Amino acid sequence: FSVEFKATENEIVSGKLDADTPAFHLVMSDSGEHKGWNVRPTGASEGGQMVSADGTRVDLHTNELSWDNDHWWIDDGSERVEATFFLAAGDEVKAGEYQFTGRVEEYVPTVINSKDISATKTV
């Protein structure tokens, strides 16, 4: 069981986005038998937002995972799942360094593995 979560390399400049803009990339893997994964936002990120130091909250979205009220999830039994979190076109993105904190969970439902994730994306 390993997890990789990091900010993307594309530069974001403040203002009103025209397009879906990549912000973080996630990799969740385990050779063990499993049903799927949760990605649960934690702390300030509750609600599924990245949050800057001045308290600006920006929505995260992904096309690789589903969403259930307050968390991403997917049924995927393969050894490895990748996801990109992006900012939707049309959102205004203001000042600073935006942190997302979360907890990744592997389930079979019973959770059999869990790990904190954290990364900071610059605007």
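The first residue of the shown sequence is 1; numbering continues from there.
S.K.: Would you class the number of unmodelled deposited residues between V108 and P109 as none, 1 to 3, 4 to 9, or 10 or more?
M.R.: Gap between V108 and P109: 4 to 9 residues without coordinates.
S.K.: Decide which of the stretches 85 to 93 and 63 to 71 has the higher mean C-alpha B-factor, going by the entry.
M.R.: It is 85 to 93 that shows the higher mean C-alpha B-factor.
S.K.: Could you check which stretch, 8 to 16 or 109 to 117, carries the larger mean CA temperature factor in the entry?
M.R.: Mean CA B-factor is higher for 8 to 16.
S.K.: When the CA B-factors of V58, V39, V27, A53 are compared as recorded in the entry, which is the largest?
M.R.: So the option with the highest C-alpha B-factor is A53.
S.K.: Among the chain's modelled residues, which third holds the C-alpha B-factor of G47?
M.R.: Middle third.
S.K.: Based on the entry's values, in what third of the chain does the Cα temperature factor of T21 lie: lowest, middle or highest?
M.R.: It falls in the top third of the chain.
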